[PDB]
Amino acid sequence: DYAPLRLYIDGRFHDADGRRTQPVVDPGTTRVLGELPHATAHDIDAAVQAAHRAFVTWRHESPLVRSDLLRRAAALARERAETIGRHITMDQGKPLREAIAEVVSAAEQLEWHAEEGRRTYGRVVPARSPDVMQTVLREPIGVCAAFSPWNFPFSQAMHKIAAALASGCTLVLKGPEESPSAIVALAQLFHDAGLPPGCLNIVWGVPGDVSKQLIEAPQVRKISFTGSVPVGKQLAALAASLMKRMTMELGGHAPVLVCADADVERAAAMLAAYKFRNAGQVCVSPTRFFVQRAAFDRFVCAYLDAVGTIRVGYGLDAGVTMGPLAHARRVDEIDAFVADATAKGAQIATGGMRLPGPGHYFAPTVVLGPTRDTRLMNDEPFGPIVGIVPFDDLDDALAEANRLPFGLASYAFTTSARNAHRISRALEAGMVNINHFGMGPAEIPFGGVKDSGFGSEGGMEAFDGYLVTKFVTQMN
Amino acid sequence: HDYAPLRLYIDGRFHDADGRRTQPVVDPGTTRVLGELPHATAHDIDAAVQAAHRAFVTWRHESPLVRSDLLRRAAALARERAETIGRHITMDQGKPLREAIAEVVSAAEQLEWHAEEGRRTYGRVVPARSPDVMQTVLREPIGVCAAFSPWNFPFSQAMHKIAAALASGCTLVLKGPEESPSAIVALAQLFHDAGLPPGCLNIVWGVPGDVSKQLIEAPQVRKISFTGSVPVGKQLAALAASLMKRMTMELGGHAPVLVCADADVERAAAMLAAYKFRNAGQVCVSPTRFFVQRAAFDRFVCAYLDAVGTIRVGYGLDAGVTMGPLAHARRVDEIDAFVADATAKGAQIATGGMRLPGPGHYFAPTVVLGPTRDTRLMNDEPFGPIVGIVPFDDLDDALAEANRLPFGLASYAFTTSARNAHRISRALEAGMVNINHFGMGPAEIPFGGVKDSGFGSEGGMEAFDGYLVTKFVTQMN
Amino acid sequence: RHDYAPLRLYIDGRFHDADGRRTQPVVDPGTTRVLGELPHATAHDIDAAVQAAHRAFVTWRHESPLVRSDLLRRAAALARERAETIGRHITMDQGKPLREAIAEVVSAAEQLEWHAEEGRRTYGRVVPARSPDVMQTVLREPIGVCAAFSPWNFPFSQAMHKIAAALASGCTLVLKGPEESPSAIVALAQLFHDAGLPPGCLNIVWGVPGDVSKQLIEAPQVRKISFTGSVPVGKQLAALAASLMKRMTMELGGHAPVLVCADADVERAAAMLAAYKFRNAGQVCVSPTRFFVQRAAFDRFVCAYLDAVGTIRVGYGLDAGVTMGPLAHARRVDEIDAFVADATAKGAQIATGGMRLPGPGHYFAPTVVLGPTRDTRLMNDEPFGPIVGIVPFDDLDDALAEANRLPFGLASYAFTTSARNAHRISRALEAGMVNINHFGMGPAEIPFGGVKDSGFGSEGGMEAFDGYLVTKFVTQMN
Amino acid sequence: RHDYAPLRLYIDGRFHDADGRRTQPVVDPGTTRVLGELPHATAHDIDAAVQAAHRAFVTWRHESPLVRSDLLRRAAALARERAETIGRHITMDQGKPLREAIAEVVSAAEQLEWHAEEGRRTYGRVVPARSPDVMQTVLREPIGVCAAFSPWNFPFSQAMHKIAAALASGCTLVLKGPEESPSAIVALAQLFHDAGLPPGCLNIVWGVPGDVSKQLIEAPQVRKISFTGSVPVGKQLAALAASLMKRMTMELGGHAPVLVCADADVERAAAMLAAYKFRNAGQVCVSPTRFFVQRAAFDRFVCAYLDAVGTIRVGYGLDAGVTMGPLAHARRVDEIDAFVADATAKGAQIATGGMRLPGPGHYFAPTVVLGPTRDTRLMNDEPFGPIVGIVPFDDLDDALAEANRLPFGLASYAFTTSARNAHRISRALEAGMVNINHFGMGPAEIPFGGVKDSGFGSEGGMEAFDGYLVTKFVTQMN
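Residues numbered from 1 in each chain as written, not as in the entry; some residues may be left out. Chains lettered and ligands numbered in written order. Heavy atoms only, no water. Residues with missing side-chain atoms left out of burial classes, pairs and counts.

Structure determination for this PDB entry was carried out by X-ray crystallography, with a resolution of 2.3500 Å recorded in the header.

A. Spotlight on the overall build of chain B. Broken down by element type, chain B carries 13 helices and 20 strands. In summary, chain B has a C-alpha radius of gyration of 23 Å against a globular reference of 23 Å for 477 residues, a match within 12%. Across its three principal directions, the C-alpha atoms of chain B cover 70 × 65 × 40 Å. A sequence separation of at least 24 residues applies to 73% of the contacts in chain B between residues at least 6 apart. (Helix = DSSP H or I, 4+ residues; strand = E, 2+ residues; numbered from the N terminus. Rg over C-alpha atoms; globule rule 2.2 N^0.38 Å. Contact = heavy atoms within 4.5 Å.)

B. Region of the structure containing the relation of the copies chain D and chain C. Between chain D and chain C, the superposition needs a rotation of 180° and an axial shift of 0.0 Å, giving an RMSD of 0.6 Å. The operation mapping one copy onto its partner corresponds to a two-fold rotation axis. Scanning chain D for the C-alpha nearest the rotation axis identifies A239 of chain D, at a separation of 2.1 Å. Most of the interface of chain D is mirrored in chain C, where 98% of its interface residues again form contacts. (Least-squares fit on C-alpha atoms.)

C. Up close: the pairing of strand β13 (residues 286-292) of chain A. All names here are of chain A. Among the seven residues in β13, seven count as buried, and that is most of the element. Bridge count for strand β12 (residues 254-258) against β13 is five bridges, and the pairing is parallel. Counted as the bridge partner of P255 is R288 from β13. In this region the chain leaves β12, passes through helix α9 (residues 264-275) and returns to the parallel neighbour β13; the handedness of that crossover is right-handed. Bridge count for β13 against strand β16 (residues 385-391) is five bridges, and the pairing is parallel. In the sheet register, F290 faces β16, and the bridge partner there is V389. (Buried < 20%, exposed > 50% of the residue type's maximum accessible area, 1.4 Å probe, protein only. Pairing = 2+ DSSP bridges. Right-handed = clockwise from strand over helix to strand, strands pointing away.)

D. The environment of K174 of chain A, seen in detail. Residue and element names in this part refer to chain A. Structurally, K174 can be placed in strand β8 (residues 170-174). Taking C-alpha positions, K174 is 6.2 Å from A146, a pair spaced 28 residues apart along the chain. Apart from residues lying up to four places away in sequence, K174 is in contact with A146, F147, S148, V203, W204, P207 and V210. In this structure the side chain of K174 is engaged in a polar contact, spanning 2.9 Å, whose partner is the side chain of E177. (Polar contact = N/O pair within 3.5 Å; in protein donor to acceptor, adjacent residues only side chain to side chain.)

E. Structural detail: the packing of helix α4 (residues 97-117) of chain B against helix α5 (residues 154-167) of chain B. All names here are of chain B. Here α4 crosses α5 at 10°, and the two axes come no closer than 9 Å. Viewed along their axes, α4 and α5 adopt a mutual orientation that is roughly parallel. Within the contact between the two elements, α4 uses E103, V104, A107, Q110, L111, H114 and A115 and α5 uses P154, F155, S156, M159, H160, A163, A164 and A167. Looking at the contact of α4 with α5, its residues break down into 10 nonpolar, four polar and one charged. (Axes fitted to C-alpha atoms, helices over the stretch in contact; angles between N-to-C directions. Parallel < 35°, antiparallel > 145°, perpendicular 65-115°, else oblique. Nonpolar A, V, L, I, M, F, W, Y, C, P; charged D, E, K, R; others polar.)

F. Looking closely at unusual backbone geometry. For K451 of chain B, which is not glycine, the phi torsion reads 50° and is therefore positive. Assignment of secondary structure puts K451 of chain B in the loop between β18 (432-435) and β19 (454-455). Residue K451 of chain B is classed as buried on the basis of its relative accessible area of 16%. Residue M245 of chain D is not a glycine yet carries a positive backbone phi of 55°. Note on placement: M245 of chain D falls in the loop between α8 (231-243) and β11 (247-251).

G. How the structure looks around the packing of aromatic side chains. Under the defined criterion, the tally for this structure stands at 38 aromatic pairs over all chains. Ring centres 6.2 Å apart and planes at 70° place the aromatic pair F414 of chain B and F438 of chain B in the edge-to-face group. Pair noted here: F414 of chain B is in strand β17 (residues 410-414) and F438 of chain B is in the loop between β18 and β19, with a separation of 24 residues, a long-range link. Look at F438 of chain B and you get partly exposed, because its relative accessible area is 21%. A network of ring pairs unites the aromatic residues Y274, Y411, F413 and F437 of chain A as a single cluster. Of note, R124 of chain B hangs over the ring of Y123 of chain D, and the distance from its end group to the ring centre comes to 5.0 Å. Stacked on the ring of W60 of chain D, the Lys or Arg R68 of chain D has its end atom at 5.9 Å from the ring centre. (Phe/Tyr/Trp six-rings, centres within 6.5 Å; stacked < 30°, edge-to-face > 60°. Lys NZ or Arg CZ within 6 Å of the ring centre and 35° of its normal.)

H. Inspection of the side chain of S168 of chain B at higher detail. Residues and elements named next belong to chain B. Along the polypeptide, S168 turns up in the loop between α5 and β8 (171-175). On the basis of relative accessible area, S168 is assigned to the buried category, the value being 4%. A distance of 2.9 Å separates a polar atom in the side chain of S168 from the backbone oxygen of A165. In contact with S168, other than residues within four places in its own chain, are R67, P141, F464, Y467 and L468.

I. Representation of helix α13 (residues 419-428) of chain D within the structure. Inspection of α13 of chain D places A419, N421, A422, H423, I425 and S426 of chain D among the buried residues, and these make up the whole buried set. N-capping of α13 of chain D is provided by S418 of chain D, with a side-chain oxygen placed 3.2 Å from the backbone N of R420 of chain D.

J. The arrangement of the pattern of salt bridges in detail. If you walk through the whole model with that rule in mind, you get 125 salt bridges over all chains. Among the salt bridges present, the one from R119 of chain A reaches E117 of chain D, with a minimum N-O distance of 3.0 Å. Placement of the pair is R119 of chain A in the loop between α4 (96-116) and β5 (122-124) and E117 of chain D in helix α4 (residues 98-118), with the two residues belonging to separate chains. What makes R119 of chain A buried here is its relative accessible area of 6%. Through salt bridges with shared partners, a single network forms among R71, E108, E115, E116 and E443 of chain A, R129 of chain B together with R120 and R121 of chain D. (Salt bridge = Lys/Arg side-chain N within 4 Å of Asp/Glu carboxyl O.)

K. Representation of the interface of chain D and chain C in the model. On the chain C side, the residues contacting the 57 residues of chain D number 57 residues. Carbon and sulfur atoms supply 57% of the area that chain D and chain C bury against each other, a total of about 4800 Å² over both sides. Sorting the residues of chain D by area buried against chain C places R130, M245 and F473 of chain D first, and these three jointly supply 15% of that buried surface. At the boundary of chain D and chain C, one finds eight salt bridges. Between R130 of chain C and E110 of chain D there is a salt bridge, with the nearest N and O atoms lying 3.1 Å from each other. At the boundary of chain D and chain C, one finds 28 residue pairs in polar contact. (Buried area = accessible area lost by both parts, 1.4 Å probe.)

L. Molecular detail of the domain arrangement of chain B. Residues and elements named next belong to chain B. Along its sequence, chain B is carved into domain 1 (1-252 + 443-477) and domain 2 (253-442). Here domain 1 and domain 2 have C-alpha centroids that lie 30 Å from each other. Across the contact, 35 residues belong to domain 1 and 40 residues belong to domain 2. Here domain 1 and domain 2 share an interface that buries about 2800 Å² over both sides, 58% of which is from carbon and sulfur atoms. Where domain 1 meets domain 2, there are two salt bridges. With its nearest N and O atoms 3.1 Å apart, the salt bridge here joins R330 to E179. In this structure, the connection of domain 1 to domain 2 is made through 18 residue pairs in polar contact. Counting only elements with at least two residues in the side of domain 1 that touches domain 2, the list comes to α3 (82-93) and α4. For the side of domain 1 that touches domain 2, the element with the highest residue contribution is α3, accounting for four residues. The residue inventory of the side of domain 1 that touches domain 2, partitioned by class, reads 14 nonpolar, 12 polar and nine charged. (Domains from an automatic or database assignment.)

M. Expanded view of the packing of helix α3 (residues 83-94) of chain C against helix α4 (residues 98-118) of chain C. All names here are of chain C. Contact pair α3 / α4: the axes reach a minimum separation of 8 Å and the direction vectors enclose 125°. Relative to α4, α3 is oriented oblique. Note on packing geometry: the crossing formed by α3 with α4 is right-handed. Counted together, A83, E84, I86, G87, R88, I90 and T91 of α3 and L98, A101, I102, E104 and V105 of α4 form the full contact between these two elements. Class assignment of the residues belonging to the contact of α3 with α4 gives a composition of seven nonpolar, two polar and three charged. (Left-handed = near helix turned anticlockwise from the far one by under 90°.)

N. Here's a closer look at the interface of chain C and chain B. Every contact between the two is made by 21 residues of chain C and, on the other side, 21 residues of chain B. Note on chain C versus chain B: buried area summed over both sides is about 1900 Å², and carbon and sulfur give 42% of it. Among the residues of chain C in contact with chain B, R120, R121 and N478 of chain C are the three that bury the most area, contributing 30% of the side total. The partner of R121 of chain C in a salt bridge is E117 of chain B, with the nearest N and O atoms 2.7 Å apart. Scanning the region where chain C abuts chain B turns up 15 residue pairs in polar contact. Of all the secondary structure elements, the ones that give two or more residues to the side of chain C that touches chain B are α2 (65-81), α4, β6 (134-142) and α13 (419-428) of chain C.

Following this line, the structure appears as structure tokens:
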């Protein structure tokens, strides 16, 4: 009921024979699903060399031929969404419907990059002399190394693959060892779409060892990392020390500003359903809720009522809308957030404890009035917990929204043009969502500021980290 | 007397040393001391960062046309003061007066381009999937910047940092070159005289490693811009990245030149000789490795040596001098070592190759024939008045040799063939490819490198990329 | 005469007077005194202007964009230095208050400086090719000799648009400005002359407007037309230009709707809309004309609007304290009278104004008409004068439908605090420009233009050169 | 299968047979046999199509660009699936060899898919404001109902240009394709219908072309016209459109010059130019027509060109091995005869061809004319047929001046190994498209259009939507 786990190097799958493996466990049952083969150091060298060899011709392939191939892969992902999503549910925990939506979203991302790869436009700059021609070209940088995490194992990786391939680069990818089936399926569908050997390689191992070896590989010219801020800082320093380009999607700590003039009940119902998708294990998860005092009670009552409709359970079961957390350590982490909040006077309005059974189930948790020195209001919980505090002055709430070094997503609800304008300009965040959640579209750029990373994924900006600028000036 | 007072500039006020440590500034052509440069204290640098942050709060919101007017005023003053600023540059850096003045004028054009470009930091409206949704991609100034710029073009390298920071709506703490500082003082003076609000531009001095460490580690500093050597760039980039701070870098190059058999060979040789020995070859884009198609090799060399022979080495303020001394004694030692290494490995020194007489750091224009692939000259950036010229047979082999080094800033090619021009420009791994001329001057084009040569661009439309953050705003109405 | 500058033609770098030419009197609309005689170009003069523009274009198209910019910025600086003198003559031959004429010059200097900057940025595109030996470039190149026609309401800044756009794109220009308010155009020729613009790049001609425009449009060297004026004249000239496959851009009239939502700062909107409306006595292509005020705010808006209108001082444009001058000519006074009578005949109330003022000058009182019906001229035809109509509305979508009912579509205005109202109104309006809570069409860096009968193309902004550049696709296999 | 498909109108999502309407026979140009009867739209049919397109636009303009793209890509996939049948019918009613007809369908599918992608990217601009409380956006919005007219030379892909650009921009369309080769348009209606395109978005009509085009252009709801056809008809339609202030784009005739430099790969150029020239029997808007070959390469080029022309096989377009079919109609045979007669009467040499070929159909021999003078029709009028003129040149600047002498300016071609030649030629040519050493105007991602009499606006590329979008400047103070 769970697919075989493989490596994929230079157009060929590889199994465990002669390799170390690591068990893969279902977070909803704690049972072993399969064993994941680790790349050797030689495997990783072979993958870099194959990616370098593939890049020599792939960079020159027609952008339409490359588009055709990427679209064929996206079509296969859509055909296989139920099977791929089911394995994601098994090795990551999220409800099946969420896993399938992730596959579809990843297919749209891949298709957008196919379209955008035809549009890596250069610029002609009017010259000071009529015998001179000035062009600014954009060209693929070369072999890329990417590392992607477990919270959206299929779509996070698709970002790395879609951006590298559609820009004309090639890629060695180390996806999440703990939720690996999504990555194997990506290799499978790119293989089935006819992607030339070496263009896409997937490897596994001890993450620090794999990432160190990939970053120090001389043929690797650009790194892309999605993960935690402290690991991001370590890999970025190493990459920078070798003058290697990097783009980073790190954690966030999203503030929510609910103005007194908002549709308060509407905001509460939307934010409850959105918060507990993927059990809050979302880089953009709304976490710090600042609700104008006159609306606080109305919002909190509406929020708790909507949270009360959530059904926690095993992700393949009918009607389950929230699964377990990804591992036992996440349960302990939320426990510590809850304990820290209560010690400092906060009220646990609902949830706050683990749920019974084997497997890492935790109740959706709502914390009222957590102070500014609680962990909840400072450290990214990445889990099914929110803090809701009143505010009086909008500028004070904005200053609090900007106090943390995080700056990924942010949210606001208001009917006022002036409020919307002031909030959106004053927020220090890569993304500002007003009255809805609009970060899904592949055609918009997704990225952060401050500790939340560098660069963007999706949109027109998608290839910026993958292309070099070349100024060519010619006198005739 | 003939050299201006050297000062710090913090939060709109100039500071003399008043008890601070100083460092002598030496004229490289006479070795005489010109003046004393005051070092910023740790407290001075903190005050500059805090001043830049207070200034950023309002300057970020100032009208782009008001900011443009002010930056243009500063550029007009630079043009008015070009001779005086240029003379002092010759004195504390070495280059001939005509080059120093041309550097100032070029920096004024760069400043004006940025004034114009600051009005054009356009956002994007992305058509939404629903008619009640508005999707905008905004570009906003990142915040306080720290910049470090070197001595080879002390005025225009620094102007790049100032123009890009200020015109994007950021503010700046700048550490220019202690060994050639008058240009930086003049920059502070003219932005001050143009009425730039206090805190927007601050200039500091000190022990370079200590100052840069403090600036990068200052929490309010959000972005770094460095022009200098590759190893220092790698050290500072690693420090900045560990703090998740954005960086752009203009590092060294090792520019190859491909002279095809079908080129105007004599025209190429004369142009490349005059261009190479500008600033005594102390130029990040300086043509260094000459690959000349075998059949054109002898014709090119004779024409190159004839042109090299017309260069007049002397003191930069003296009439008719077209090459000055090197910037410091250590540069003479460095070129000596390149020459010795080439000779030991069998290369021919066609002209030059020795230091020139006199007090000051004078060195003869040096042309090395047939240096092998393991000579320092063909691997390490000499950044001085020396070239190597080797024959090639197959153009693709020459291109691989051009791309072999981790450097990738400038590159040059001379050909009349449309096919050669296309194949060369596509195959070169370089941020800039110059074909049949030297065209990296215009403020409206992007200047930058690949691989070890750095990342990001200065000038052109790309000038603000490191200074703006992307903000996606999506609103349901 | 003594306080008014000499009127001249300007052809191939030389000024020409009336020797051998027919002339036309130039009249001060505030006094009816004759200011001077305007020389008419002969047919041969116009031929010479077109030939000179063509010879100039041959080299001007290849001049460095930075050299062209330097020159254009010098001309702009001269405009700033001469603003008081140029403005005084504009007031004399056009009628508007001195402060308005000087502000017009300063605005035109900014527009010209913007085009100097934008001329360096007529970027082409490199399109990634299907084969690595192919190079695909999309170039933008100047189209050639342009002919332009600009009106009297902003004689200096409307003409500046034609000159700045043509010159900064690499084109050259034969311009026919307004014979009724001509000194601004002569001053434009003088400052481009003084800045060193090469001969032939800019030529100014005068004459019988229909005859001059016919000859210019039919000149084979002329490749592109640009016209600002009335819709019916634009349609005649556009049809002639199109019959010869010549490119055109057009800035025609508008009939601007204003939507005042109930949640607006009503008093602020009324005060702003009153001062803005009667600038240049409403002789403004974007002039707010049809005011749709949500019923609950109607009385409050009207009371504040009438109060603000009451502070306007009508008089001669050079006199201290005058904030509205006379209309441009006697036929304008007759036209506004006919609007007033037509509204009165159909049941509307004249809340203030509604009559002509004494004196030989073409003075008319600022006029506010309440409740004019859908079949009044005021709610259908562009009045281009000191008159507005104000009606209540209940449902915003009905107001939007009325705002869109006319074939005009230049400017439009709205006042609201609601994000939804602002979004719904801005998307639903059929207009080239939507101003919400303020009047923001001034900046040189934004595109100014209309839809439907109000024309096509834009002036200013990134779009300024679109009508002046041709696309050239170059594809090369190596 | 030798069947020919039913010819129908398509209005508001439903097909119509003739049902007593006037009809017109459709004739196979290779056999002269009647293939079927084409129904003409009545005036009421045309009114209904305009009204249906207007209703449809109300919701189509607000549809998600991704939903619209999905639908257009489904239509493209159906075109690819049906390519053999659609292509066979094109050969039957237009004449071109089957392999050309199929390639036209595939090329049109690529054009449709590109527009699907580009419709997601009709980006607006945010202009940095002078005050922090102001928001300035430049939006691009679909103009409304479009009317389009497309010709017979590429009946499927010319019409696809009109359909793809209108629909993908958010507009709707009433299309009048070529009555003489109508099956391709019916096939287009069928596949957009089969893809689920909402009713009214695409309507196809037929009739007397001047009457249909007059009625569509004068329909009030029609806001924009797009025409591909001849220069004189384009000028007639453009003047009518301009008189009503309606936006227009035009792809008219060309007269392509070819500059063959002495340093070219001459034999490669001759062989490529021969095969490209006689595609669609030269009935191509970009067809290479005037060949200027540097004197030193002239003999080599002509000899190699004649050899390649000699390999062309003329016959019925469905027959095996045929590489050129008949001309589209008898009137084309008369026209080419007149070009040949004028050339010989003025002293040129007919090196090959020059006569009609046997049989009932409009077959004509590939014709190469040597040394036609500047006063021959061949060097001045677009022949649009299987004929070229070849003259030597000595000075490259004189060849460029001759290449630019005509008011035509669509495509142009050059062959050289010199970077200087390529640069000087590509900059000096007055043409919308310059092809150097190959023919590179096929890609959907590049802009296709002309200058001077050859039209204005572009199809394909990023520019594809420029005629279909209005600019809206929104400035909001908060």
